[PDB]
């Protein structure tokens, strides 16, 4: 049970836990209205609120022995933990806490290896998920290896096998920091791989680069129109390596703006010029703030 005014750890839609205080409780919207340290406020599902630890029973069996984590010091039966403990040990939510982080989870060290193992087993059933038509969201708001909430159009990767979406912070295969709504990847999660993830960058067209970066600027700054040269092209150049342009990567910095501007002008159904609202014609924005769709998907 929870109670108003209680200090808790709440998992956000980026897979990470944040310290907060329960202000309100909704009995079965199944959420708590939580204020965070930056005085930001939001509703959080109970499955994402953190107060045997899985069985509430004291008996240490054999070979179902009670194992105590060596960091948080909480106990787990060998067959109650997810995954099960056979044979220094850390539990799942301590493994995730010390490994998952913005930009991508840790790749090296004992904790990172413990994550790689435990990631292969989901804390939920794939059958109990109810997806929308485009397989972007599910009713349970249950995604990734962690089982937390998530927004597909932000920094998440969809597995091309199980079609589940996975947080940037929870994957360990990223060479560069993820861009918002970047779907130009072939990704296979650790569950489907039964081991380390597979990640391959799909080739980008100039219209893809323009769309993806305009989308990122739009998300970051919460605005629509951007100067094609001084804002958009600047962001593209500053993130050129992060973009993995593929075979377009050798394009001289002087020649990049030509192709980008051409894409902005040609694709009228995708990009709005400032001239349409009596502003600078070099100002461009997305008609609909939606991530670019790679050739394969929808």
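Positions refer to the first chain, counted from 1.
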According to the PDB record, deposited residues with no modelled atoms between residue 133 and residue 134 number none
Indicate whether the chain is continuous between residue 60 and residue 61 or, if not, how many deposited residues are absent from the coordinates: none, 1 to 3, 4 to 9, or 10 or more. none
Would 122 to 130 or 193 to 201 have the larger average of its C-alpha temperature factors, as given in the entry? 122 to 130
Given the B-factors recorded for C-alpha atoms, which segment has the greater mean, 18 to 26 or 272 to 280? 18 to 26
Maximum C-alpha temperature factor, selected from 107, 163, 88, 183: 88
Among 71, 101, 211, 155, where is the Cα temperature factor highest, going by the PDB entry? 71
Relative to the other modelled residues in the chain, which third contains the C-alpha temperature factor of residue 80: lowest, middle or highest? highest
How does the C-alpha B factor of residue 92 compare with the rest of the chain: lowest, middle or highest third? highest
Once the chain's modelled residues are ordered by C-alpha B factor and cut into thirds, is residue 65 in the lowest, middle or highest one? highest
Select lowest, middle or highest to describe the third in which the CA B-factor of residue 218 falls within its chain in this entry. lowest
Taking only the Cα B-factors deposited for this chain, tell me whether residue 234 sits in the lowest, middle or highest third. middle
